[PDB]
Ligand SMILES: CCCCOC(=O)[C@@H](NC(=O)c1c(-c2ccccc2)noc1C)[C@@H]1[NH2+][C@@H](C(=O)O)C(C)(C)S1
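Presented as structure tokens, the chain that follows is alone, the form solved without this ligand.
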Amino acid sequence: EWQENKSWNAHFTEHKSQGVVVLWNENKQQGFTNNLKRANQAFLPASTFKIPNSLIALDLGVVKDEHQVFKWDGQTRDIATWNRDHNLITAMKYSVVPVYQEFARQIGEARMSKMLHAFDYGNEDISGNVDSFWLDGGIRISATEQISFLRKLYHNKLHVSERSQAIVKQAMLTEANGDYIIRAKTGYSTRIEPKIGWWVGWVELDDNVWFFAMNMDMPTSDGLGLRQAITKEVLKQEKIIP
């Protein structure tokens, strides 16, 4: 089912912002959010799309494995970490758009479209640039739809090789300690209004898994750190993490 908990809304206004956090207890099969409405609002995925793109790139052979290097094309860009060689792990760590734009071009309009249909991903609409539709195209996805897609990836139920799904879940590794493991991906939608920041993934525990997907209003880049801070503040409130 689905319970609404508006107490979490504090964590958003405490930073003079608005957004939604959506949690899903896999063992109890129960969902929780502060805004049931916005939980189902579909937005541009932005860099969260690097998850399915990786799966498709790996499954079709565009990316052989997580060690293959993708040479910097030489064009100096405003994001410093982008102006260097990368592999799949580092490309996802620093959200290197140009690397995944090349992946999309090699994937192609036809194969990309069929795969998102197999994934049941968002509105399944890739209209726009094959190499930028997830930034300024027609694809839309809600927080709950992120949760549903991520759950499939966790259980290796997507229609790609088990190896492909493991590698992506490896590249999603973000934080790990004696208490929890976080596999997730961030996103920053700016090319089309409204500007929002994403953070989608799950928190692994000893005997349970909590999937999460959040988006928030992101007028400027000064609040990108809140994507993780607010989510973690909610996780701790619900005693999922210390």
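Position 1 is the first residue in the sequence shown; the rest follow in order.
For this session: Would you determine, from the values in the PDB entry, which of 165-173 and 107-115 has the greater average C-alpha temperature factor?
Result: For C-alpha atoms only, the mean B-factor is higher in 107-115.
Exercise. Quick one: higher average CA temperature factor, 130-138 or 116-124?
Worked result: If you average the C-alpha B-factors of 116-124 and of 130-138, the larger mean comes out for 130-138.
Exercise. Based on the entry's values, in what third of the chain does the Cα temperature factor of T81 lie: lowest, middle or highest?
Worked result: Highest third.
Exercise. Taking the C-alpha B-factors as the PDB entry records them, is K37 in the lowest, middle or highest third of its chain?
Worked result: For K37, the deposited C-alpha B-factor lands in the highest third.
Exercise. With respect to C-alpha B-factor, does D207 fall in the lowest, middle or highest third of the chain as deposited?
Worked result: Middle third by C-alpha B-factor.
Problem set entry | Third of the chain's Cα B-factor distribution that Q75 belongs to, per the entry | Highest third - that is where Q75 ends up once the chain's C-alpha B-factors are sorted.
For this session: Using the B-factors in the PDB entry, rank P194's C-alpha atom against the chain and give the third, lowest, middle or highest.
Result: Highest third, going by the recorded CA B-factors of the chain.
Note that the form deposited with this ligand bound isn't included here; everything after this is about it.
Exercise. So, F119, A143 and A213: all three within 4.5 Å of this ligand in the bound PDB entry by heavy atoms, or not?
Worked result: So, no: the whole triplet misses this ligand.
For this session: Determine whether any heavy atom of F70 comes within 4.5 Å of a heavy atom of this ligand in the bound PDB entry, and answer yes or no.
Result: The answer is no: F70 has no heavy atom within 4.5 Å of this ligand.
Exercise. How about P98: is it within 4.5 Å of this ligand in the bound PDB entry, going by heavy atoms?
Worked result: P98 belongs to the contact set for this ligand.
Exercise. Any chance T190 has a heavy atom within 4.5 Å of this ligand in the bound PDB entry?
Worked result: Yes, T190 is a contact residue.
Exercise. So in the bound PDB entry, does any heavy atom of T13 sit within 4.5 Å of this ligand?
Worked result: Output for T13 is no: heavy atoms all beyond 4.5 Å of this ligand.
Exercise. Of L158, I126, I167, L135, which residue is found within 4.5 angstroms of this ligand in the bound PDB entry when only non-hydrogen atoms are counted?
Worked result: Of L158, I126, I167, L135, the residue with a heavy atom within 4.5 Å of this ligand in the bound PDB entry is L135.
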